[PDB]
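Engineer: What follows is my_file.cif; its format and atoms are mmCIF, N, CA and C atoms.
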data_my_file
loop_
_atom_site.group_PDB
_atom_site.id
_atom_site.type_symbol
_atom_site.label_atom_id
_atom_site.label_comp_id
_atom_site.auth_asym_id
_atom_site.auth_seq_id
_atom_site.Cartn_x
_atom_site.Cartn_y
_atom_site.Cartn_z
ATOM 1 N N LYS A 1 192.183 32.692 126.230
ATOM 2 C CA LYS A 1 192.094 32.711 127.716
ATOM 3 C C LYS A 1 192.591 34.046 128.279
ATOM 4 N N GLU A 2 191.963 34.472 129.361
ATOM 5 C CA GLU A 2 192.436 35.615 130.128
ATOM 6 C C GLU A 2 193.768 35.295 130.796
ATOM 7 N N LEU A 3 194.715 36.214 130.712
ATOM 8 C CA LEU A 3 195.992 36.089 131.396
ATOM 9 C C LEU A 3 195.801 36.242 132.908
ATOM 10 N N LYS A 4 196.313 35.285 133.671
ATOM 11 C CA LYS A 4 196.136 35.261 135.131
ATOM 12 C C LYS A 4 197.488 35.574 135.789
ATOM 13 N N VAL A 5 197.502 36.643 136.587
ATOM 14 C CA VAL A 5 198.701 37.144 137.246
ATOM 15 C C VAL A 5 198.513 37.071 138.768
ATOM 16 N N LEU A 6 199.530 36.568 139.459
ATOM 17 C CA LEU A 6 199.567 36.561 140.922
ATOM 18 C C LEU A 6 200.755 37.375 141.399
ATOM 19 N N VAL A 7 200.491 38.390 142.219
ATOM 20 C CA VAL A 7 201.535 39.197 142.843
ATOM 21 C C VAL A 7 201.688 38.729 144.300
ATOM 22 N N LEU A 8 202.916 38.389 144.696
ATOM 23 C CA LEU A 8 203.176 37.886 146.043
ATOM 24 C C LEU A 8 204.042 38.856 146.819
ATOM 25 N N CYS A 9 203.695 39.056 148.089
ATOM 26 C CA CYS A 9 204.543 39.808 149.009
ATOM 27 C C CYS A 9 204.779 38.958 150.263
ATOM 28 N N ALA A 10 205.380 39.578 151.275
ATOM 29 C CA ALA A 10 205.686 38.913 152.520
ATOM 30 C C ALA A 10 204.588 39.109 153.562
ATOM 31 N N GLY A 11 203.439 39.621 153.143
ATOM 32 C CA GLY A 11 202.272 39.793 153.991
ATOM 33 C C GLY A 11 201.977 41.200 154.446
ATOM 34 N N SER A 12 202.737 42.174 153.961
ATOM 35 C CA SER A 12 202.457 43.563 154.291
ATOM 36 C C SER A 12 201.219 44.089 153.586
ATOM 37 N N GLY A 13 200.842 43.424 152.495
ATOM 38 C CA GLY A 13 199.752 43.887 151.650
ATOM 39 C C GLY A 13 200.196 44.722 150.454
ATOM 40 N N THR A 14 201.495 44.923 150.328
ATOM 41 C CA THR A 14 202.014 45.651 149.208
ATOM 42 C C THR A 14 201.662 44.983 147.863
ATOM 43 N N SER A 15 201.540 43.651 147.827
ATOM 44 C CA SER A 15 201.183 42.960 146.585
ATOM 45 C C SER A 15 199.853 43.453 145.998
ATOM 46 N N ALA A 16 198.907 43.790 146.857
ATOM 47 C CA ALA A 16 197.617 44.281 146.417
ATOM 48 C C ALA A 16 197.745 45.605 145.653
ATOM 49 N N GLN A 17 198.739 46.429 145.998
ATOM 50 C CA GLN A 17 198.951 47.712 145.321
ATOM 51 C C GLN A 17 199.242 47.477 143.837
ATOM 52 N N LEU A 18 200.110 46.520 143.538
ATOM 53 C CA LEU A 18 200.403 46.203 142.149
ATOM 54 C C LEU A 18 199.239 45.480 141.470
ATOM 55 N N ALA A 19 198.606 44.515 142.148
ATOM 56 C CA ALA A 19 197.438 43.850 141.543
ATOM 57 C C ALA A 19 196.369 44.871 141.158
ATOM 58 N N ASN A 20 196.108 45.824 142.051
ATOM 59 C CA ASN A 20 195.119 46.847 141.746
ATOM 60 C C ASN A 20 195.497 47.685 140.530
ATOM 61 N N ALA A 21 196.764 48.080 140.437
ATOM 62 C CA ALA A 21 197.235 48.876 139.304
ATOM 63 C C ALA A 21 197.096 48.089 137.999
ATOM 64 N N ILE A 22 197.478 46.814 138.020
ATOM 65 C CA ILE A 22 197.374 45.978 136.833
ATOM 66 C C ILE A 22 195.916 45.885 136.401
ATOM 67 N N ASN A 23 195.038 45.612 137.360
ATOM 68 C CA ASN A 23 193.621 45.478 137.055
ATOM 69 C C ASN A 23 193.010 46.767 136.529
ATOM 70 N N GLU A 24 193.392 47.906 137.096
ATOM 71 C CA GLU A 24 192.871 49.172 136.605
ATOM 72 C C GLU A 24 193.385 49.392 135.176
ATOM 73 N N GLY A 25 194.658 49.117 134.928
ATOM 74 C CA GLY A 25 195.185 49.299 133.586
ATOM 75 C C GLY A 25 194.499 48.362 132.603
ATOM 76 N N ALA A 26 194.319 47.106 132.993
ATOM 77 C CA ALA A 26 193.646 46.133 132.120
ATOM 78 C C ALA A 26 192.216 46.577 131.790
ATOM 79 N N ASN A 27 191.507 47.053 132.802
ATOM 80 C CA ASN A 27 190.130 47.484 132.634
ATOM 81 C C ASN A 27 190.056 48.680 131.680
ATOM 82 N N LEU A 28 190.886 49.693 131.924
ATOM 83 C CA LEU A 28 190.842 50.917 131.132
ATOM 84 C C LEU A 28 191.275 50.678 129.687
ATOM 85 N N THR A 29 192.229 49.781 129.496
ATOM 86 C CA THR A 29 192.766 49.446 128.186
ATOM 87 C C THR A 29 191.946 48.356 127.474
ATOM 88 N N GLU A 30 191.034 47.715 128.214
ATOM 89 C CA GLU A 30 190.196 46.639 127.709
ATOM 90 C C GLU A 30 191.005 45.465 127.188
ATOM 91 N N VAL A 31 191.929 44.980 128.023
ATOM 92 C CA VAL A 31 192.784 43.831 127.728
ATOM 93 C C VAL A 31 192.431 42.705 128.720
ATOM 94 N N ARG A 32 192.576 41.460 128.290
ATOM 95 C CA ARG A 32 192.137 40.317 129.086
ATOM 96 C C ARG A 32 193.220 39.836 130.052
ATOM 97 N N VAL A 33 193.263 40.495 131.202
ATOM 98 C CA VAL A 33 194.195 40.221 132.283
ATOM 99 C C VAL A 33 193.473 40.390 133.598
ATOM 100 N N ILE A 34 193.712 39.455 134.520
ATOM 101 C CA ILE A 34 193.314 39.622 135.922
ATOM 102 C C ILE A 34 194.538 39.367 136.808
ATOM 103 N N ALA A 35 194.701 40.228 137.803
ATOM 104 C CA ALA A 35 195.733 40.085 138.820
ATOM 105 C C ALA A 35 195.137 39.883 140.193
ATOM 106 N N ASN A 36 195.706 38.936 140.918
ATOM 107 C CA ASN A 36 195.426 38.737 142.331
ATOM 108 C C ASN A 36 196.662 38.965 143.137
ATOM 109 N N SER A 37 196.472 39.106 144.442
ATOM 110 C CA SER A 37 197.576 39.263 145.388
ATOM 111 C C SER A 37 197.504 38.189 146.460
ATOM 112 N N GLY A 38 198.644 37.900 147.035
ATOM 113 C CA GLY A 38 198.714 36.931 148.096
ATOM 114 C C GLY A 38 200.025 37.001 148.818
ATOM 115 N N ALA A 39 200.130 36.234 149.906
ATOM 116 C CA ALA A 39 201.356 36.096 150.673
ATOM 117 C C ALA A 39 202.195 34.911 150.166
ATOM 118 N N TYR A 40 203.497 35.120 150.043
ATOM 119 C CA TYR A 40 204.412 34.028 149.707
ATOM 120 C C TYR A 40 204.344 32.992 150.817
ATOM 121 N N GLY A 41 204.078 31.758 150.440
ATOM 122 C CA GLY A 41 203.832 30.675 151.376
ATOM 123 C C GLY A 41 202.418 30.128 151.355
ATOM 124 N N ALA A 42 201.458 30.911 150.843
ATOM 125 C CA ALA A 42 200.076 30.453 150.629
ATOM 126 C C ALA A 42 199.845 30.043 149.187
ATOM 127 N N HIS A 43 200.922 29.990 148.392
ATOM 128 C CA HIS A 43 200.806 29.882 146.942
ATOM 129 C C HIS A 43 201.133 28.506 146.362
ATOM 130 N N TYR A 44 201.627 27.562 147.166
ATOM 131 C CA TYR A 44 202.208 26.358 146.587
ATOM 132 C C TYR A 44 201.224 25.516 145.811
ATOM 133 N N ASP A 45 199.955 25.500 146.209
ATOM 134 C CA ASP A 45 198.955 24.711 145.487
ATOM 135 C C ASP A 45 198.214 25.508 144.441
ATOM 136 N N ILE A 46 198.117 26.831 144.588
ATOM 137 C CA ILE A 46 197.394 27.666 143.646
ATOM 138 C C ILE A 46 198.261 28.193 142.528
ATOM 139 N N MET A 47 199.578 28.074 142.644
ATOM 140 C CA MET A 47 200.432 28.729 141.666
ATOM 141 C C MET A 47 200.179 28.218 140.242
ATOM 142 N N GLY A 48 199.798 26.947 140.081
ATOM 143 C CA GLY A 48 199.510 26.415 138.775
ATOM 144 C C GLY A 48 198.313 26.985 138.059
ATOM 145 N N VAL A 49 197.471 27.718 138.775
ATOM 146 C CA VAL A 49 196.343 28.422 138.181
ATOM 147 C C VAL A 49 196.824 29.628 137.362
ATOM 148 N N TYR A 50 198.019 30.129 137.683
ATOM 149 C CA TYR A 50 198.488 31.401 137.156
ATOM 150 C C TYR A 50 199.466 31.211 136.004
ATOM 151 N N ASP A 51 199.527 32.231 135.155
ATOM 152 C CA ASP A 51 200.429 32.281 134.012
ATOM 153 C C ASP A 51 201.719 33.043 134.313
ATOM 154 N N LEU A 52 201.620 34.080 135.149
ATOM 155 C CA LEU A 52 202.717 34.969 135.515
ATOM 156 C C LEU A 52 202.627 35.219 137.000
ATOM 157 N N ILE A 53 203.748 35.048 137.709
ATOM 158 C CA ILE A 53 203.834 35.380 139.131
ATOM 159 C C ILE A 53 204.898 36.443 139.255
ATOM 160 N N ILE A 54 204.533 37.514 139.948
ATOM 161 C CA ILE A 54 205.416 38.651 140.202
ATOM 162 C C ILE A 54 205.719 38.733 141.706
ATOM 163 N N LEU A 55 207.005 38.695 142.030
ATOM 164 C CA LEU A 55 207.472 38.842 143.399
ATOM 165 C C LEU A 55 207.653 40.329 143.702
ATOM 166 N N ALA A 56 207.009 40.796 144.777
ATOM 167 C CA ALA A 56 207.240 42.137 145.298
ATOM 168 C C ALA A 56 208.663 42.214 145.872
ATOM 169 N N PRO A 57 209.184 43.427 146.107
ATOM 170 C CA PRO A 57 210.578 43.586 146.526
ATOM 171 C C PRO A 57 210.955 42.761 147.741
ATOM 172 N N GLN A 58 210.070 42.670 148.702
ATOM 173 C CA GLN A 58 210.413 42.030 149.958
ATOM 174 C C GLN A 58 210.432 40.527 149.947
ATOM 175 N N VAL A 59 210.059 39.929 148.816
ATOM 176 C CA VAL A 59 210.197 38.480 148.610
ATOM 177 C C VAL A 59 211.131 38.135 147.448
ATOM 178 N N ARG A 60 211.992 39.078 147.072
ATOM 179 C CA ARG A 60 212.995 38.833 146.026
ATOM 180 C C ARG A 60 213.921 37.667 146.346
ATOM 181 N N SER A 61 214.196 37.418 147.620
ATOM 182 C CA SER A 61 215.086 36.332 148.014
ATOM 183 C C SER A 61 214.569 34.941 147.652
ATOM 184 N N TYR A 62 213.282 34.829 147.322
ATOM 185 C CA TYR A 62 212.708 33.541 146.917
ATOM 186 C C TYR A 62 212.707 33.316 145.397
ATOM 187 N N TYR A 63 213.278 34.216 144.608
ATOM 188 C CA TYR A 63 213.219 34.097 143.166
ATOM 189 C C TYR A 63 213.736 32.755 142.633
ATOM 190 N N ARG A 64 214.956 32.368 143.005
ATOM 191 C CA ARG A 64 215.539 31.141 142.462
ATOM 192 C C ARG A 64 214.693 29.930 142.793
ATOM 193 N N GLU A 65 214.255 29.809 144.042
ATOM 194 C CA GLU A 65 213.483 28.644 144.405
ATOM 195 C C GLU A 65 212.129 28.649 143.705
ATOM 196 N N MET A 66 211.504 29.817 143.565
ATOM 197 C CA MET A 66 210.268 29.891 142.848
ATOM 198 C C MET A 66 210.449 29.522 141.362
ATOM 199 N N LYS A 67 211.580 29.909 140.762
ATOM 200 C CA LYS A 67 211.840 29.485 139.366
ATOM 201 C C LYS A 67 211.896 27.982 139.257
ATOM 202 N N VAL A 68 212.508 27.305 140.237
ATOM 203 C CA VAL A 68 212.527 25.848 140.208
ATOM 204 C C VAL A 68 211.107 25.309 140.334
ATOM 205 N N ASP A 69 210.318 25.852 141.248
ATOM 206 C CA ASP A 69 208.911 25.424 141.413
ATOM 207 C C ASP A 69 208.093 25.650 140.145
ATOM 208 N N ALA A 70 208.411 26.693 139.398
ATOM 209 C CA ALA A 70 207.686 27.030 138.172
ATOM 210 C C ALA A 70 208.074 26.114 137.002
ATOM 211 N N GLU A 71 209.171 25.351 137.107
ATOM 212 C CA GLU A 71 209.698 24.703 135.912
ATOM 213 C C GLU A 71 208.781 23.589 135.381
ATOM 214 N N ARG A 72 208.036 22.891 136.234
ATOM 215 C CA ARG A 72 207.132 21.827 135.779
ATOM 216 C C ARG A 72 205.929 22.345 135.093
ATOM 217 N N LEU A 73 205.562 23.593 135.371
ATOM 218 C CA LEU A 73 204.352 24.091 134.735
ATOM 219 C C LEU A 73 204.616 25.134 133.679
ATOM 220 N N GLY A 74 205.858 25.561 133.516
ATOM 221 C CA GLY A 74 206.166 26.595 132.521
ATOM 222 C C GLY A 74 205.595 27.972 132.860
ATOM 223 N N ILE A 75 205.329 28.252 134.140
ATOM 224 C CA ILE A 75 204.793 29.550 134.633
ATOM 225 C C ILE A 75 205.924 30.596 134.450
ATOM 226 N N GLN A 76 205.589 31.820 134.052
ATOM 227 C CA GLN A 76 206.581 32.887 134.017
ATOM 228 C C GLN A 76 206.717 33.492 135.413
ATOM 229 N N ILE A 77 207.948 33.767 135.838
ATOM 230 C CA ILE A 77 208.243 34.346 137.164
ATOM 231 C C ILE A 77 209.091 35.580 136.960
ATOM 232 N N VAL A 78 208.747 36.663 137.654
ATOM 233 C CA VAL A 78 209.531 37.894 137.600
ATOM 234 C C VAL A 78 209.698 38.442 139.013
ATOM 235 N N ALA A 79 210.900 38.910 139.310
ATOM 236 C CA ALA A 79 211.193 39.578 140.581
ATOM 237 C C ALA A 79 211.355 41.063 140.360
ATOM 238 N N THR A 80 211.004 41.847 141.369
ATOM 239 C CA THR A 80 211.079 43.296 141.289
ATOM 240 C C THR A 80 211.987 43.856 142.389
ATOM 241 N N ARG A 81 212.400 45.093 142.154
ATOM 242 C CA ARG A 81 213.143 45.878 143.126
ATOM 243 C C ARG A 81 212.324 47.115 143.501
ATOM 244 N N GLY A 82 212.672 47.756 144.606
ATOM 245 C CA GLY A 82 211.799 48.744 145.265
ATOM 246 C C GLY A 82 211.332 49.907 144.420
ATOM 247 N N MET A 83 212.247 50.633 143.783
ATOM 248 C CA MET A 83 211.862 51.813 143.013
ATOM 249 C C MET A 83 211.021 51.430 141.786
ATOM 250 N N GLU A 84 211.455 50.392 141.083
ATOM 251 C CA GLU A 84 210.722 49.795 139.969
ATOM 252 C C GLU A 84 209.283 49.471 140.367
ATOM 253 N N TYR A 85 209.137 48.718 141.440
ATOM 254 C CA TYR A 85 207.842 48.242 141.870
ATOM 255 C C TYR A 85 206.919 49.404 142.248
ATOM 256 N N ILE A 86 207.437 50.337 143.051
ATOM 257 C CA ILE A 86 206.615 51.449 143.505
ATOM 258 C C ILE A 86 206.154 52.288 142.310
ATOM 259 N N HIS A 87 207.024 52.519 141.340
ATOM 260 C CA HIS A 87 206.591 53.221 140.133
ATOM 261 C C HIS A 87 205.449 52.520 139.425
ATOM 262 N N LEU A 88 205.517 51.204 139.309
ATOM 263 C CA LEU A 88 204.392 50.474 138.726
ATOM 264 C C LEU A 88 203.087 50.608 139.505
ATOM 265 N N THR A 89 203.160 50.635 140.832
ATOM 266 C CA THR A 89 201.937 50.734 141.625
ATOM 267 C C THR A 89 201.197 52.048 141.409
ATOM 268 N N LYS A 90 201.925 53.068 140.954
ATOM 269 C CA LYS A 90 201.378 54.399 140.729
ATOM 270 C C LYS A 90 200.913 54.643 139.311
ATOM 271 N N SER A 91 201.060 53.661 138.427
ATOM 272 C CA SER A 91 200.705 53.845 137.030
ATOM 273 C C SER A 91 200.044 52.616 136.450
ATOM 274 N N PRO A 92 198.707 52.640 136.348
ATOM 275 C CA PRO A 92 198.037 51.508 135.720
ATOM 276 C C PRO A 92 198.558 51.167 134.326
ATOM 277 N N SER A 93 198.845 52.178 133.515
ATOM 278 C CA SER A 93 199.337 51.909 132.162
ATOM 279 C C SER A 93 200.702 51.209 132.206
ATOM 280 N N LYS A 94 201.620 51.684 133.052
ATOM 281 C CA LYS A 94 202.917 51.033 133.157
ATOM 282 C C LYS A 94 202.800 49.644 133.767
ATOM 283 N N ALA A 95 201.910 49.470 134.743
ATOM 284 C CA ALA A 95 201.718 48.150 135.381
ATOM 285 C C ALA A 95 201.232 47.131 134.341
ATOM 286 N N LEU A 96 200.266 47.519 133.511
ATOM 287 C CA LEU A 96 199.757 46.621 132.480
ATOM 288 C C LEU A 96 200.851 46.298 131.459
ATOM 289 N N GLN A 97 201.570 47.328 131.019
ATOM 290 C CA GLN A 97 202.658 47.107 130.067
ATOM 291 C C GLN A 97 203.725 46.157 130.621
ATOM 292 N N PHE A 98 204.040 46.302 131.895
ATOM 293 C CA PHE A 98 204.988 45.424 132.555
ATOM 294 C C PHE A 98 204.530 43.961 132.486
ATOM 295 N N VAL A 99 203.256 43.719 132.789
ATOM 296 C CA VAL A 99 202.719 42.361 132.725
ATOM 297 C C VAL A 99 202.892 41.784 131.319
ATOM 298 N N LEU A 100 202.435 42.523 130.313
ATOM 299 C CA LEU A 100 202.453 41.982 128.964
ATOM 300 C C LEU A 100 203.885 41.820 128.446
ATOM 301 N N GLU A 101 204.794 42.715 128.827
ATOM 302 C CA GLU A 101 206.162 42.570 128.353
ATOM 303 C C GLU A 101 206.830 41.342 128.975
ATOM 304 N N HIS A 102 206.291 40.843 130.090
ATOM 305 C CA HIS A 102 206.774 39.624 130.719
ATOM 306 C C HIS A 102 205.947 38.387 130.436
ATOM 307 N N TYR A 103 205.061 38.479 129.452
ATOM 308 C CA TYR A 103 204.328 37.332 129.001
ATOM 309 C C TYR A 103 204.110 37.427 127.492
ATOM 310 N N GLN A 104 205.193 37.347 126.761
ATOM 311 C CA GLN A 104 205.117 37.383 125.309
ATOM 312 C C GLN A 104 204.956 35.981 124.748
#
Could you write out this file's structure as structure tokens?
Structural biologist:
Amino acid sequence: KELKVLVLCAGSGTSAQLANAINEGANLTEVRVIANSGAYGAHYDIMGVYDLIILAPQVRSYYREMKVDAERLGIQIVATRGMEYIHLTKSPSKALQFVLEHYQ
């Protein structure tokens, strides 16, 4: 199966920056990964479709509660901080590596 990644932000659209980087890295490297983006709060019914959910910096405060929500489905959850996240958005290769290192 293709690895399914959801990047969530607080609605600024910053999540799309990381989804795009992941997808470009996946495409160029020819690895089976797709990333989508969305707003935190639109995810409660769709989260089970995904294997890995990445919180953008501005939704880091929801990490603990999202981990509890993830526990019934065994979804991997990762939170990011600002400098880390922005560096990933600028590097498809690093963005892809980040995804895979968080889904071993």
Engineer: Please expand the PyMOL selection byres ((chain A and resi 7) around 6.5) into the concrete residues it hits in this file, giving the result as a VMD selection string.
Structural biologist: chain A and resid 5 to 6 8 to 9 15 to 16 19 35 to 39 52 to 56
Engineer: Using DSSP on the backbone, list every residue of chain A that comes out as strand (DSSP E), and give them as a ChimeraX atom specification.
Structural biologist: /A:3-9,33-39,52-55,76-79
Engineer: In terms of the shortest atom-to-atom distance over all atoms listed in the file, which of A:26, A:3, A:18, A:77 is closest to residue 90 (chain A)?
Structural biologist: A:18
Engineer: Select, from A:31, A:73, A:25, A:88, the residue with the minimum atom-to-atom distance to residue 48 (chain A), counting only N, CA and C atoms.
Structural biologist: A:73
Engineer: Given the choices A:32, A:95, A:79, A:2, which gets closest to residue 61 (chain A) if the distance is worked out from all atoms listed in the file?
Structural biologist: A:79
Engineer: One decimal, in Å: what's the spacing between atom N of residue 46 (chain A) and atom N of residue 84 (chain A)?
Structural biologist: 27.3 Å
Engineer: Please, which residues of chain A, numbered as in this document, come out alpha helix (DSSP H) from DSSP, as number ranges by chain?
Structural biologist: A: 14-29, 63-70, 82-89, 92-101
Engineer: So the first atom is CA of residue 14 (chain A) and the second is atom C of residue 34 (chain A); what is the distance between them in Å, to one decimal place?
Structural biologist: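 Taking CA of residue 14 (chain A) and atom C of residue 34 (chain A), their separation equals 15.8 Å.
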Engineer: For a quick check of understanding, using all atoms listed in the file, which of A:60, A:4, A:67, A:94 has the smallest distance to residue 80 (chain A)?
Structural biologist: A:60
Engineer: How big is the axis-aligned box around the listed atoms of region 43-61 of chain A once 5 Å is added on each side, and where is its centre? Give both in Å to one decimal, as AutoDock Vina command-line options.
Structural biologist:
--center_x 205.7 --center_y 34.1 --center_z 142.0 --size_x 28.7 --size_y 28.9 --size_z 25.9
Engineer: Tell me which protein, DNA and RNA residues are within 12 Å of residue 97 (chain A), counting only C-alpha atoms, leaving out same-chain ones fewer than 2 positions away, and put them as a ChimeraX atom specification.
Structural biologist: /A:21-26,29,31,33,88,91-95,99-104
Engineer: Restricting the output to N, CA and C atoms, write the selected residues as a JSON list (two decimals), in the coordinates of the input.
Structural biologist:
[["chain", "number", "residue", "atom", "x", "y", "z"],
["A", 21, "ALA", "N", 196.76, 48.08, 140.44],
["A", 21, "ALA", "CA", 197.24, 48.88, 139.30],
["A", 21, "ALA", "C", 197.10, 48.09, 138.00],
["A", 22, "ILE", "N", 197.48, 46.81, 138.02],
["A", 22, "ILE", "CA", 197.37, 45.98, 136.83],
["A", 22, "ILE", "C", 195.92, 45.88, 136.40],
["A", 23, "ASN", "N", 195.04, 45.61, 137.36],
["A", 23, "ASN", "CA", 193.62, 45.48, 137.06],
["A", 23, "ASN", "C", 193.01, 46.77, 136.53],
["A", 24, "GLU", "N", 193.39, 47.91, 137.10],
["A", 24, "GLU", "CA", 192.87, 49.17, 136.60],
["A", 24, "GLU", "C", 193.38, 49.39, 135.18],
["A", 25, "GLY", "N", 194.66, 49.12, 134.93],
["A", 25, "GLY", "CA", 195.18, 49.30, 133.59],
["A", 25, "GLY", "C", 194.50, 48.36, 132.60],
["A", 26, "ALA", "N", 194.32, 47.11, 132.99],
["A", 26, "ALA", "CA", 193.65, 46.13, 132.12],
["A", 26, "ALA", "C", 192.22, 46.58, 131.79],
["A", 29, "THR", "N", 192.23, 49.78, 129.50],
["A", 29, "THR", "CA", 192.77, 49.45, 128.19],
["A", 29, "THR", "C", 191.95, 48.36, 127.47],
["A", 31, "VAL", "N", 191.93, 44.98, 128.02],
["A", 31, "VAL", "CA", 192.78, 43.83, 127.73],
["A", 31, "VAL", "C", 192.43, 42.70, 128.72],
["A", 33, "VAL", "N", 193.26, 40.49, 131.20],
["A", 33, "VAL", "CA", 194.20, 40.22, 132.28],
["A", 33, "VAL", "C", 193.47, 40.39, 133.60],
["A", 88, "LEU", "N", 205.52, 51.20, 139.31],
["A", 88, "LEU", "CA", 204.39, 50.47, 138.73],
["A", 88, "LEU", "C", 203.09, 50.61, 139.50],
["A", 91, "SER", "N", 201.06, 53.66, 138.43],
["A", 91, "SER", "CA", 200.70, 53.84, 137.03],
["A", 91, "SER", "C", 200.04, 52.62, 136.45],
["A", 92, "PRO", "N", 198.71, 52.64, 136.35],
["A", 92, "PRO", "CA", 198.04, 51.51, 135.72],
["A", 92, "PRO", "C", 198.56, 51.17, 134.33],
["A", 93, "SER", "N", 198.84, 52.18, 133.51],
["A", 93, "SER", "CA", 199.34, 51.91, 132.16],
["A", 93, "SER", "C", 200.70, 51.21, 132.21],
["A", 94, "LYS", "N", 201.62, 51.68, 133.05],
["A", 94, "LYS", "CA", 202.92, 51.03, 133.16],
["A", 94, "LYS", "C", 202.80, 49.64, 133.77],
["A", 95, "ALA", "N", 201.91, 49.47, 134.74],
["A", 95, "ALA", "CA", 201.72, 48.15, 135.38],
["A", 95, "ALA", "C", 201.23, 47.13, 134.34],
["A", 99, "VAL", "N", 203.26, 43.72, 132.79],
["A", 99, "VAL", "CA", 202.72, 42.36, 132.72],
["A", 99, "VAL", "C", 202.89, 41.78, 131.32],
["A", 100, "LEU", "N", 202.44, 42.52, 130.31],
["A", 100, "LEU", "CA", 202.45, 41.98, 128.96],
["A", 100, "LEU", "C", 203.88, 41.82, 128.45],
["A", 101, "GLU", "N", 204.79, 42.72, 128.83],
["A", 101, "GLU", "CA", 206.16, 42.57, 128.35],
["A", 101, "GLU", "C", 206.83, 41.34, 128.98],
["A", 102, "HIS", "N", 206.29, 40.84, 130.09],
["A", 102, "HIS", "CA", 206.77, 39.62, 130.72],
["A", 102, "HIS", "C", 205.95, 38.39, 130.44],
["A", 103, "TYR", "N", 205.06, 38.48, 129.45],
["A", 103, "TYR", "CA", 204.33, 37.33, 129.00],
["A", 103, "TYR", "C", 204.11, 37.43, 127.49],
["A", 104, "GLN", "N", 205.19, 37.35, 126.76],
["A", 104, "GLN", "CA", 205.12, 37.38, 125.31],
["A", 104, "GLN", "C", 204.96, 35.98, 124.75]]
Engineer: Between CA of residue 41 (chain A) and atom C of residue 85 (chain A), measure the distance and give it in Å to one decimal.
Structural biologist: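 Straight-line distance from CA of residue 41 (chain A) to atom C of residue 85 (chain A) works out to 21.1 Å.
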Engineer: In terms of the shortest atom-to-atom distance over all atoms listed in the file, which of A:20, A:50, A:98, A:10 is closest to residue 74 (chain A)?
Structural biologist: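 The closest residue to residue 74 (chain A) is A:50.
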Engineer: Of the residues A:76, A:17, A:11, A:30, which is the one nearest to residue 58 (chain A), using only N, CA and C atoms?
Structural biologist: A:11
Engineer: Limit the output to C-alpha atoms and give region 18-65 of chain A as an mmCIF file, in the first residue's frame.
Structural biologist:
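New file result_25.cif:
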data_model
loop_
_atom_site.group_PDB
_atom_site.id
_atom_site.type_symbol
_atom_site.label_atom_id
_atom_site.label_comp_id
_atom_site.auth_asym_id
_atom_site.auth_seq_id
_atom_site.Cartn_x
_atom_site.Cartn_y
_atom_site.Cartn_z
ATOM 1 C CA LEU A 18 5.011 20.530 3.572
ATOM 2 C CA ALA A 19 2.557 18.290 1.659
ATOM 3 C CA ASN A 20 3.927 19.694 -1.588
ATOM 4 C CA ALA A 21 7.544 19.099 -0.529
ATOM 5 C CA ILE A 22 6.772 15.520 0.525
ATOM 6 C CA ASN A 23 4.993 14.833 -2.754
ATOM 7 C CA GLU A 24 7.788 16.322 -4.846
ATOM 8 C CA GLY A 25 10.353 14.261 -2.932
ATOM 9 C CA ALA A 26 8.246 11.100 -3.273
ATOM 10 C CA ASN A 27 7.789 11.687 -7.001
ATOM 11 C CA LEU A 28 11.469 12.399 -7.706
ATOM 12 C CA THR A 29 12.649 9.478 -5.557
ATOM 13 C CA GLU A 30 9.914 7.164 -6.926
ATOM 14 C CA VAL A 31 8.655 6.088 -3.485
ATOM 15 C CA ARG A 32 5.016 5.223 -2.698
ATOM 16 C CA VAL A 33 3.862 8.150 -0.561
ATOM 17 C CA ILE A 34 1.082 10.702 -0.934
ATOM 18 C CA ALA A 35 0.641 13.740 1.311
ATOM 19 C CA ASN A 36 -2.440 15.875 1.739
ATOM 20 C CA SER A 37 -3.014 19.035 3.723
ATOM 21 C CA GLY A 38 -5.901 20.210 5.807
ATOM 22 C CA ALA A 39 -7.072 22.321 8.721
ATOM 23 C CA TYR A 40 -7.062 20.901 12.262
ATOM 24 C CA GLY A 41 -10.730 20.391 13.069
ATOM 25 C CA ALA A 42 -11.759 19.049 9.625
ATOM 26 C CA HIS A 43 -9.890 15.806 10.290
ATOM 27 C CA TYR A 44 -11.887 13.846 12.875
ATOM 28 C CA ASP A 45 -13.628 11.529 10.404
ATOM 29 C CA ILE A 46 -10.894 11.339 7.751
ATOM 30 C CA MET A 47 -7.953 10.757 10.050
ATOM 31 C CA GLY A 48 -8.410 6.972 9.879
ATOM 32 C CA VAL A 49 -7.634 7.049 6.164
ATOM 33 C CA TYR A 50 -4.077 8.143 6.985
ATOM 34 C CA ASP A 51 -0.999 6.323 8.266
ATOM 35 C CA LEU A 52 0.978 9.378 9.480
ATOM 36 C CA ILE A 53 -0.344 12.773 10.582
ATOM 37 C CA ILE A 54 2.076 15.670 10.900
ATOM 38 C CA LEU A 55 1.138 18.751 12.928
ATOM 39 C CA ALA A 56 2.500 22.055 11.606
ATOM 40 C CA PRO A 57 4.048 24.386 14.237
ATOM 41 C CA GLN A 58 0.902 26.368 14.869
ATOM 42 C CA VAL A 59 -1.112 23.310 15.904
ATOM 43 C CA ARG A 60 1.546 21.809 18.209
ATOM 44 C CA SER A 61 -0.747 22.449 21.195
ATOM 45 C CA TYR A 62 -3.059 19.661 19.960
ATOM 46 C CA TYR A 63 -0.374 16.934 20.000
ATOM 47 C CA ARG A 64 -1.434 15.137 23.203
ATOM 48 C CA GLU A 65 -5.107 15.076 22.343
#
